[PDB]
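Q: Before I ask anything, let me first share the structure, which is written out below as structure tokens.
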Amino acid sequence: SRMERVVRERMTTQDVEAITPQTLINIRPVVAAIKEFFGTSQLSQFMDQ
Amino acid sequence: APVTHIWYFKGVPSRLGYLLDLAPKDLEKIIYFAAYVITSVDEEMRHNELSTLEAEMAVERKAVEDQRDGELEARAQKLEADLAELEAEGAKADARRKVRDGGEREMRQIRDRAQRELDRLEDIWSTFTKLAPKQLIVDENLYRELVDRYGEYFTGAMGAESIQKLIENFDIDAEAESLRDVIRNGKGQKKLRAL
Amino acid sequence: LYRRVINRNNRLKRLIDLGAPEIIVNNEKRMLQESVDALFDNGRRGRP
Amino acid sequence: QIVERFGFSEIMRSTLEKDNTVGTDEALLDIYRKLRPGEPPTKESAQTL
Amino acid sequence: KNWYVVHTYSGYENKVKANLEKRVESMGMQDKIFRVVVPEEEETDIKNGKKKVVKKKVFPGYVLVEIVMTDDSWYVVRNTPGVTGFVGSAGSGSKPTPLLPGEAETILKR
RNA sequence: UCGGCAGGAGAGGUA
DNA sequence: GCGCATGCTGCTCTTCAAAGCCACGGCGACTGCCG
DNA sequence: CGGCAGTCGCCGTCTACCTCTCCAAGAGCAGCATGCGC
């Protein structure tokens, strides 16, 4: 959803005929969310062995 | 710019509101730039300039009435003339009844415009006759008008500098003996408020 | 919270000593008041 | 319609004869000056809210 | 109906001006906004001849914008990637207060 | 004689 | 073979958006609100 | 004007000890470095 908001906001400030799917997509929010869940979270717990 | 300590205004109760005799909502509006307040009022010049200002106000009252009746007479002239010259020569007089209602709504258009103006003048005057210190006033429009026409004799602003001004012009003894007099001979809930 | 107060105070000083219209100065004064209020007690009024 | 459907019970009759808002546009305005305070109520915004 | 004010970030004035001028047409409201002016003043200064002209914005953080305002105008000039709000209000910002003729003229003339 | 360090948040446990 | 022009990744700097979110008991002021 | 009752916001909720992991991000802006053309 964050990436979708970014692409929607950036689709209206660029010039047409030079817009490609690779220039509209930002990966940083998704990897940030993934690495924040798998790290500092209350449900992904240190395993006891 | 001066600021206000949070401990002495956002408490239970509000000590600043108890000292200045102001509701906490009024204090919150004044401090955070959402309403005006009247710090001081020179009552001698609003005593000896009263009837003179009232006479100028009656001059504008009469001039607005004269304007209204002037263009109502000239609109009824145009009406009478055109209507009697073109009383549905070809078609049905329902069109001239539609423009009968439309001419009645033209008279009431200029009549409600003169009523609106009368109300503006009335409220301006009323506010300029009931202006005591520590009285909160909202609506930028009115304030600006009062400061344009009757600029002097009335002073006030918004922000913490106007509460510093209210605190500086404060008399502890008079309020203290007033509260003691109220508690001494009083009942109901005003005695509780004084306590 | 000190850095915020200093930044708002510096911007207010520079804007006051420039001849700015009243609306902008009032906005800056409100923002400085909020910053000081948050410095002394954070969360008492509004959101933290 | 309401009284025809919710007439087997009496609490709905009571509520019916004490709303004083008969009208979908004025009911839209009613909940508009409730969910969005301070804002000026326009039937179109209440319809969309 | 008159010149209003908008509040951008620190240093984000020319990007708000650019994004707004692009979204004037790209969006579709070409008859609402008219002129976008980022207040700026030529700071007289030289370093032994080499000039700099510091971009001393006469109002650091704000961008006056002449516009008509009804419904969609508030929306377009509030979601631009950079603007923070419509600085100017009577307590609840229900109808932003416009700049006063005089001050507006003496700002545009500087 | 140079030279030389110690804050917050979350989770799980024992009495 | 030399001169021009255009993009590497470290470093620096500055903070409103906006959805996301959903115990319990005691007390005291207070505030619209009905009457 | 005058009671008034609901409402909302602000206070308080046992002591000592052990082990582990994680801590702003994005965008602009350098001072060079490598390719292409005559």
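In the structure tokens, chains take letters A, B, ... by order of appearance, with residues numbered from 1 within each chain and ligands from 1 in the order shown.
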What are the residues of chain E that have an atom within 12 Å of an atom of chain G, counting only C-alpha atoms (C1' of nucleotides), as a list in words?
A: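 Those within range of chain G come out as residues 7, 8, 9, 10, 11, 12, 78, 79, 81, 82, 83, 84 and 85 of chain E.
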Q: Given only C-alpha atoms (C1' of nucleotides), how would the per-residue table for chain A near chain F read, listing every residue at most 8 Å away with its closest atom pair and distance in Å to one decimal, sorted by chain and number, as JSON lines?
A:
```
{"residue": "A:40", "atom": "CA", "partner": "F:10", "partner_atom": "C1'", "distance": 7.1}
{"residue": "A:41", "atom": "CA", "partner": "F:10", "partner_atom": "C1'", "distance": 7.3}
{"residue": "A:42", "atom": "CA", "partner": "F:10", "partner_atom": "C1'", "distance": 6.6}
{"residue": "A:45", "atom": "CA", "partner": "F:11", "partner_atom": "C1'", "distance": 6.6}
{"residue": "A:46", "atom": "CA", "partner": "F:11", "partner_atom": "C1'", "distance": 7.6}
```
Q: Store the residues picked out above in a file with C-alpha atoms, as a PDB file, in the first residue's frame.
A:
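Writing done, so here's selection.pdb:
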```
ATOM      1  CA  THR A  40      12.040  -6.022  16.082  1.00  0.00           C
ATOM      2  CA  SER A  41       8.704  -7.794  16.506  1.00  0.00           C
ATOM      3  CA  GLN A  42       6.852  -9.392  19.407  1.00  0.00           C
ATOM      4  CA  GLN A  45      10.827 -14.861  18.900  1.00  0.00           C
ATOM      5  CA  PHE A  46      14.318 -16.112  19.662  1.00  0.00           C
TER       6      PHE A  46
END
```
Q: For the helix (DSSP H, G or I) assignment from backbone DSSP, which residues of chain B qualify? Please present them as a ChimeraX atom specification.
A: /B:15-20,24-31,45-48,50-85,95-129,140-148,160-168,172-184,190-194
Q: Might you pull out every residue within 9 Å of region 29-39 of chain A, with only C-alpha atoms (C1' of nucleotides) counted and same-chain residues fewer than 4 positions away left off, and present them as number ranges by chain?
A: A: 2-3, 43-45; H: 21-22
Q: Grab the CA of residue 42 (chain B) to CA of residue 153 (chain B) distance for me, in Å with one decimal place.
A: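 A separation of 4.6 Å between them.
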Q: Using only C-alpha atoms (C1' of nucleotides), determine which residues lie at most 7 Å from residue 19 (chain E), disregarding the query and same-chain residues fewer than 3 positions distant; provide the list as an NGL selection string.
A: (:A and (13)) or (:E and (15-16 or 22-23 or 80))
Q: What would the file look like if the residues just selected were written as a PDB file, in the first residue's frame with N, CA and C atoms?
A:
```pdb
ATOM      1  N   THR A  13       3.493  13.429 -12.126  1.00  0.00           N
ATOM      2  CA  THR A  13       4.515  14.462 -12.220  1.00  0.00           C
ATOM      3  C   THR A  13       5.573  14.158 -13.269  1.00  0.00           C
TER       4      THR A  13
ATOM      5  N   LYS E  15      10.746  22.623  -5.414  1.00  0.00           N
ATOM      6  CA  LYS E  15      10.145  21.357  -5.811  1.00  0.00           C
ATOM      7  C   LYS E  15       8.633  21.375  -5.660  1.00  0.00           C
ATOM      8  N   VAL E  16       8.109  22.116  -4.684  1.00  0.00           N
ATOM      9  CA  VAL E  16       6.662  22.268  -4.598  1.00  0.00           C
ATOM     10  C   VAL E  16       6.158  23.122  -5.752  1.00  0.00           C
ATOM     11  N   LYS E  22       3.402  21.329 -12.693  1.00  0.00           N
ATOM     12  CA  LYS E  22       3.154  20.128 -13.486  1.00  0.00           C
ATOM     13  C   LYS E  22       1.740  19.598 -13.263  1.00  0.00           C
ATOM     14  N   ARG E  23       1.290  19.560 -12.008  1.00  0.00           N
ATOM     15  CA  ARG E  23      -0.035  19.054 -11.680  1.00  0.00           C
ATOM     16  C   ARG E  23      -1.138  20.048 -12.009  1.00  0.00           C
ATOM     17  N   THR E  80       0.094  17.825  -2.918  1.00  0.00           N
ATOM     18  CA  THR E  80       1.332  17.937  -3.674  1.00  0.00           C
ATOM     19  C   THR E  80       2.487  17.336  -2.872  1.00  0.00           C
TER      20      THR E  80
END
```
Q: Could you list, as a ChimeraX atom specification, every residue of chain E that has an atom within 12 Å of an atom of chain C, counting only C-alpha atoms?
A: /E:4-7,10,39,41,56-64,85-91,96-107,110
